[PDB]
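**Student:** sequence? don't have it. structure:
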Ligand SMILES: [Ca+2]
Ligand SMILES: [Ca+2]
Ligand SMILES: [Ca+2]
Ligand SMILES: [Ca+2]
Ligand SMILES: [Ca+2]
Ligand SMILES: [Ca+2]
Ligand SMILES: [Cl-]
Ligand SMILES: [Cl-]
Ligand SMILES: [Cl-]
Ligand SMILES: [Cl-]
Ligand SMILES: [Cl-]
Ligand SMILES: [Cl-]
Ligand SMILES: [Cl-]
Ligand SMILES: [Cl-]
Ligand SMILES: [Cl-]
Ligand SMILES: [Cl-]
Ligand SMILES: [Cl-]
Ligand SMILES: [Cl-]
Ligand SMILES: [Cl-]
Ligand SMILES: [Cl-]
Ligand SMILES: [Cl-]
Ligand SMILES: [Cl-]
Ligand SMILES: [Cl-]
Ligand SMILES: [Cl-]
Ligand SMILES: [Cl-]
Ligand SMILES: [Cl-]
Ligand SMILES: [Cl-]
Ligand SMILES: [Cl-]
Ligand SMILES: [Cl-]
Ligand SMILES: [Cl-]
Ligand SMILES: [Cl-]
Ligand SMILES: [Cl-]
Ligand SMILES: [Cl-]
Ligand SMILES: [Cl-]
Ligand SMILES: [Cl-]
Ligand SMILES: [Cl-]
Ligand SMILES: [Cl-]
Ligand SMILES: [Cl-]
Ligand SMILES: [Cl-]
Ligand SMILES: [Cl-]
Ligand SMILES: [Cl-]
Ligand SMILES: [Cl-]
Ligand SMILES: [Mg+2]
Ligand SMILES: [Mg+2]
Ligand SMILES: [Mg+2]
Ligand SMILES: [Mg+2]
Ligand SMILES: [Mg+2]
Ligand SMILES: [Mg+2]
Ligand SMILES: [Mg+2]
Ligand SMILES: [Mg+2]
Ligand SMILES: [Mg+2]
Ligand SMILES: [Mg+2]
Ligand SMILES: [Mg+2]
Ligand SMILES: [Mg+2]
Ligand SMILES: [Mg+2]
Ligand SMILES: [Mg+2]
Ligand SMILES: [Mg+2]
Ligand SMILES: [Mg+2]
Ligand SMILES: [Mg+2]
Ligand SMILES: [Mg+2]
Ligand code: NA
Ligand code: NA
Ligand SMILES: [Zn+2]
Ligand SMILES: [Zn+2]
């Protein structure tokens, strides 16, 4: 339980994976998404005493052979006895012994096991020697990437040492490390070591279930790179994996050299990751340059949250291979409409249902502006689907435009023929009335961006929006008295604050004849309400006051708080009213520079 | 000071290095061994308001050209104006601009600066374009290892992004990142970008001050590897560095292919480390496999605690080069006596002063057993230096023996002809009377180990040590009565507890005639005091009770506490008395199995 020299053997619940370590102060952390059942006992070689907590007493060390029995491997001991390796590891020298546990021998192929028991003198001794090193090497001495010649024919032992502490030999993890023996050190490993493969390329060419994948490799000329030296991690999709793909998609990706090359590189890692090195979620950069998320649930390895791994830890000379049930497809190999996620499904479905899906050709370059599913209300989907189709046509571009390519004042051409204004702010980018969210992606034939609202290009100008509402009438007169009608009719970029007639009625119309006498002061009072450029409340960062220079030249302050626009610390009635040449914010009272 | 949108510009005290970041909650940490002077001001574009803490107000963004002046680069602005780049970066598009600060232009070579002012239309525009990217890329979008084509002739911009947050372009660090502009983003870099070198090999061959180093490379055939693609960090020793070496050492290392190859690889890193990425101490694995410790003191880069770096951040296509004043010599390229550290100096000096230094040949393989300087007392160095030389001859072996090659019961042959017994325990390794410390190293021609005490091979056997002290007399008789004289005379491994005659006098000699009648019980009582194998108190782990099986078969317990051996929880008088065939522990009372 607790005390000196107490060792804890953890087993991940629902799995056969076991971790042995000294009982420290903090190891109740769960591994691979599951908690563990712990088994407390004296560390091997240590003994309990009467009336004493823990195991204060220790037994003298033995040689490597006796240590095999000390660490709990009876089967490795017996095979060492039958092959007459016992007398070597009891004798003079220094030996590191990587000893499969009893379970590890149980999991060995029965024909291979009886095949080793068939010849004890040669084959069994050669395998056990393949498990050994000519000098004593503790776990700290086993460094990631080391290739250590074994005691049989100088067979390479491929060492991996990971930040989490996992140490593996040919991807076999060391459960119980550093058992000190007079003759050397004994480590217990979770599997029996096997002959190393020629290379990843040779395994792909030799394997029939990789027949599909192999083909694609030869098309991308990336198979030759997998036959040279290195440390790789290859997730190999099986024939089942390619047959699980939608019809024609594999043909379309194979027909394109860039899509095939990127697809291939997306399955490869530049480092050697054994399955036993994964205790949880992590991100790895593939050779394509996008990252895959590798994790574990129980004993099942997960890739991008899905568990595709059936056969794992196939160790070759140049790296490790894990078989997967699916095909990892990077965004760079995907058609644009395939870049959409969960929150775009409605959009993704609508363009498919209303006949715009076929309109995105593989030979073209397109941009999807995709409102989230929350941006489609019931009243929206209640409209006649042909008007809805016209609205969706404003969300598709016939040119690919990346998020890094956008700029303020840019105009985009929808496939529906209309024009979208781009407004770039410091913290936000808003196309027409709708502003972008995070999560833009770029595919093979185009790019996709995500919007909070449905994009509705403004059909009416400033002047038209002014003369169509009665509450603005007086103000419009003043704007026409200022000779600003031509500005309100013609295109441009403007931010206009419109006081309602309710604001002029606060002056009881007598200040209208008072200020009607001033020709110059009317120009100041009016021009203070107009600012160059379009500034909408959705684009501001919340809580921040915005200092803008009006066309009158005096400063005006715009602060969006709780999705409510405040102009000079006065709450606006209506805000963000989009026109063709500008934006309108309706205010309660008449504005003065002050 | 404090508030919203407050930005802090730190300057490392005693250096011109500057770091700009938003005022967060914790950045008072010192950089590169020194504290910083901080300058608080509103983040560019943000403004103070009356009665408000911090800078709650923000100004609208400008284009890239205006942002140059916003971020504080007037010189980049002026050069952009003179080359007519201004009208491009004020216009339509999306531009990332890496803008040298004013200081960065000041540090540019005056002939290069006036040389750019000489032609504004072509050369200046081509350099400024070499500082720019065709799309907007924030610092998070700049990934380590990226090569991004610039806007002049698709010149590669080599991006590096380090865990500490440092982002560099051609090793130029970005002081102020992510200034958002309508036309793109502006980053401020600490130096003017320059033409990238052909490769590291080409720079070595072109440089005369590397003439020495270049030669060694061609001898090790590692120069061709430095001409291929990759990301490297090369610390290049100058001609001064090789001339600073002891005479004949460079010739000896060059004459040996393994020493030269390891020496060369020890100067190379497999990753690109810019000088500006170093905020403090870190360890890096070289191509030789040993690690070098890289750090910084002020603006001086340190390697292995020494500051050898004068010229730094020489950027080529395949990596970076930093010039060093010394030659990094790995242990694998060193002669054995050169492996000694500070605490071995006395030993290192003694073998040199008494004539044993020349006795270690480059053609041989040797092992040094080196006591720490504290292991030489005044009385030790007061003895005649020829006897001292005989003692040192027991500390040298004519065969190389690694720490991983040692095993219990091994016998070593000193060059002085004597023989050393090796005792391997679980937590300790003791040669004869002295036990090993940490810090063993392996060199080219041998290995070195560190000991707490001077090794003194035992000259007397158990029987001789017994009959030469009177206090043991009675006990010796009993041992001879048990027919154990032949065991005490002949070689072996034994642990013997010797009760003094003071213990038998506690029985008043009447129990000597009482127990003298029993022939069988005397064998038990006597044989309980003898155990097979040599167990010394220095080798035990402190506080741990040791269960040993005596040659009588009953258990005995040995616990070393406060450097005092306790046998069955009884403090021994004298402990760890070394003989040829065993060890003697003197006890106060007679021992019984109980
Ligand atoms: Ca370790
Ligand atoms: Ca175990
Ligand atoms: Ca704007
Ligand atoms: Ca960042
Ligand atoms: Ca700055
Ligand atoms: Ca021993
Ligand atoms: Cl489970
Ligand atoms: Cl541990
Ligand atoms: Cl947990
Ligand atoms: Cl137990
Ligand atoms: Cl035990
Ligand atoms: Cl070896
Ligand atoms: Cl672990
Ligand atoms: Cl371990
Ligand atoms: Cl050993
Ligand atoms: Cl992990
Ligand atoms: Cl998703
Ligand atoms: Cl339809
Ligand atoms: Cl994008
Ligand atoms: Cl891009
Ligand atoms: Cl933005
Ligand atoms: Cl309307
Ligand atoms: Cl327009
Ligand atoms: Cl003002
Ligand atoms: Cl300093
Ligand atoms: Cl920041
Ligand atoms: Cl500090
Ligand atoms: Cl300020
Ligand atoms: Cl400012
Ligand atoms: Cl580009
Ligand atoms: Cl930083
Ligand atoms: Cl930064
Ligand atoms: Cl932009
Ligand atoms: Cl650092
Ligand atoms: Cl030192
Ligand atoms: Cl001498
Ligand atoms: Cl060593
Ligand atoms: Cl070695
Ligand atoms: Cl040890
Ligand atoms: Cl003596
Ligand atoms: Cl001996
Ligand atoms: Cl007992
Ligand atoms: Mg043992
Ligand atoms: Mg076993
Ligand atoms: Mg491995
Ligand atoms: Mg396949
Ligand atoms: Mg594994
Ligand atoms: Mg949607
Ligand atoms: Mg009105
Ligand atoms: Mg507009
Ligand atoms: Mg608003
Ligand atoms: Mg700006
Ligand atoms: Mg400047
Ligand atoms: Mg760089
Ligand atoms: Mg040189
Ligand atoms: Mg740098
Ligand atoms: Mg010394
Ligand atoms: Mg006696
Ligand atoms: Mg002995
Ligand atoms: Mg002692
Ligand atoms: Na012991
Ligand atoms: Na703004
Ligand atoms: Zn303005
Ligand atoms: Zn024993």
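**Tutor:** It's in. Numbers count the residues shown, from 1 in each chain, chains lettered A, B, ... in the order given. Ligands and ions are numbered 1, 2, ... in the order given.

**Student:** now residue A:212: how far from residue A:236?
**Tutor:** 10 Å (C-beta to C-beta, to the nearest Å). Quick note: C-beta positions are derived from backbone N, CA and C, even for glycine.

**Student:** oh, I was asking about residue A:326
**Tutor:** 11 Å.

**Student:** the two: which is more packed in?
**Tutor:** Between residue A:326 and residue A:236, counting by other C-beta atoms under 10 Å in any protein chain shown, residue A:236 is the more crowded of the two (21 against 18).

**Student:** dihedrals phi and psi, the more buried one?
**Tutor:** Reported as degrees, to the nearest 10, the phi and psi values for residue A:236 are phi -100, psi 110.

**Student:** that one reaches residue A:320, doesn't it?
**Tutor:** No - in this structure, residue A:236 is not within contact of residue A:320 by C-beta atoms under 8 Å, at 10.5 Å.

**Student:** in the stretch 151-300 of chain A, which residue sits closest to ligand 44?
**Tutor:** residue A:188 (7.6 Å; C-beta to the ion).

**Student:** how much space between the residue nearest to residue A:162 when sequence neighbours are not counted and residue A:266?
**Tutor:** In space, residue A:162 comes closest to residue A:277 once its chain neighbours are excluded; the distance is 4.6 Å by C-beta to C-beta, 6 or more residues apart in numbering or on different chains. Distance, residue A:277 to residue A:266, using C-beta to C-beta: 21 Å.

**Student:** these two: which has the busier surroundings?
**Tutor:** Between residue A:277 and residue A:266, counted using other C-beta under 10 Å, the more crowded position is residue A:277 (25 against 22).

**Student:** does residue A:480 lie in a helix or a strand, and which?
**Tutor:** helix A:473-481 (DSSP states H and E).

**Student:** close to ligand 49, is that helix?
**Tutor:** Yes - among the residues of helix A:473-481, A:474-475 lie within reach of ligand 49 under C-beta under 5 Å from the ion.

**Student:** buried set for that helix?
**Tutor:** Neighbour counts over helix A:473-481 (16 or more other C-beta atoms under 10 Å in any protein chain shown) mark A:474-476, A:478-479 as buried.

**Student:** for these, which one is nearest ligand 53?
**Tutor:** For the buried residues of helix A:473-481, the nearest to ligand 53 is residue A:479 (44.3 Å; C-beta to the ion).

**Student:** ok, the closest one - contacts?
**Tutor:** Each residue near residue A:479 by C-beta atoms under 8 Å, 6 or more residues apart in numbering or on different chains is listed here: A:466, A:485, A:488, A:526.

**Student:** and if you look at residue A:476?
**Tutor:** Residue A:476 sits next to A:463, A:466-467 when contact means C-beta under 8 Å, 6+ apart.

**Student:** in helices, which of those fall?
**Tutor:** In helices, judged by DSSP state H, the following of those are found: A:463, A:466-467.

**Student:** just put these in CSV and tack on neighbour count and distance to ligand 18.
**Tutor:** Converted to CSV, these look like this (neighbours: other C-beta atoms under 10 Å in any protein chain shown; distance: C-beta to the ion, whole Å):
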residue, neighbour count, distance to ligand 18
A:463, 21, 35
A:466, 22, 36
A:467, 16, 35
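
**Student:** need those in CSV with distance to residue A:445, can you?
**Tutor:** Converted to CSV, those look like this (distance: C-beta to C-beta, whole Å):
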residue, distance to residue A:445
A:463, 41
A:466, 43
A:467, 45
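
**Student:** out of these, which is nearest to ligand 53?
**Tutor:** Distance to ligand 53, by C-beta to the ion, is smallest for residue A:463 among the ones in helices among the contacts of residue A:476, at 45.3 Å.

**Student:** grab the nearest non-local neighbour of the closest one.
**Tutor:** Leaving aside its sequence neighbours, residue A:463 sits nearest to residue A:488 (C-beta to C-beta, 6+ apart; 3.7 Å).

**Student:** go on, residue A:490?
**Tutor:** Excluding its sequence neighbours, the residue lying closest to residue A:490 (C-beta to C-beta, 6+ apart) is residue A:581, at 6.8 Å.

**Student:** what is the burial count for that neighbour?
**Tutor:** 22.

**Student:** got it, and residue A:521?
**Tutor:** For residue A:521, using other C-beta under 10 Å, the count is 11.

**Student:** ok, the one 3 residues further on next?
**Tutor:** Burial of residue A:524, expressed as a neighbour count using other C-beta under 10 Å, amounts to 15.

**Student:** point me to the residue of the stretch 401-550 of chain A nearest ligand 54.
**Tutor:** Across the stretch 401-550 of chain A, no residue is closer to ligand 54 than residue A:404, which sits at 20.1 Å (C-beta to the ion).

**Student:** go ahead and confirm that residue touches residue B:137.
**Tutor:** Yes - the pair residue A:404 and residue B:137 qualifies as a contact (C-beta under 8 Å) at a distance of 6.2 Å.

**Student:** of those two, give the one with the bigger neighbour count.
**Tutor:** residue B:137 (23 against 20).

**Student:** how much space between the residue in chain A that ligand 64 sits nearest to and residue A:417?
**Tutor:** Nearest residue of chain A to ligand 64: residue A:60, at 5.3 Å (C-beta to the ion). For residue A:60, the distance to residue A:417 (C-beta to C-beta) stands at 90 Å.

**Student:** more neighbours, these two?
**Tutor:** Using other C-beta under 10 Å, the more surrounded residue of residue A:60 and residue A:417 is residue A:60, with 16 against 9.

**Student:** quick one: secondary structure of that one?
**Tutor:** Judged by DSSP: H, G, I helix; E, B strand; the rest coil, the three-state class of residue A:60 is coil.

**Student:** OK, contacts around the residue of the stretch 451-594 of chain A at minimum distance from chain B?
**Tutor:** Nearest to chain B, among the residues of the stretch 451-594 of chain A, is residue A:545, at 4.2 Å (C-beta to the nearest C-beta). Residue A:545 makes contact with A:557-559, B:49, B:56-58 under the criterion C-beta under 8 Å, 6+ apart.

**Student:** can you give me the strands for the stretch 351-500 of chain A?
**Tutor:** Taking DSSP state E, counting those that start in this stretch as the test, the strands found in the stretch 351-500 of chain A are A:366-371, A:396-397, A:411-413, A:419-424, A:429-431, A:434-435, A:441-442, A:446-451, A:494-499.

**Student:** of all these, which one is nearest residue A:117?
**Tutor:** Smallest distance to residue A:117 across the strands of the stretch 351-500 of chain A (C-beta to C-beta): 56.8 Å, for strand A:441-442.

**Student:** so is that closest one next to ligand 19?
**Tutor:** Yes - Strand A:441-442 lies within reach of ligand 19 by C-beta under 5 Å from the ion, at residue A:442.

**Student:** so what strands line up beside that strand?
**Tutor:** strand A:446-451 (antiparallel) (DSSP bridges).

**Student:** ok and the strand it pairs with relative to strand A:366-371, angle-wise?
**Tutor:** 20 degrees (axes from the mean of the first three to the mean of the last three C-alpha atoms, to 10 degrees).

**Student:** need the contact partners of strand A:446-451.
**Tutor:** Outside of strand A:446-451, the residues within contact range by C-beta under 8 Å, 6+ apart are A:335-336, A:339-340, A:343-344, A:360, A:364-372, A:375, A:400-403, A:431, A:434-442.

**Student:** please apply the same query to stretch A:390-399.
**Tutor:** For stretch A:390-399, the external contacting residues (C-beta under 8 Å, 6+ apart) are A:347, A:350-351, A:354, A:356, A:359-360, A:364-371, A:412-418, A:420, A:454-457.
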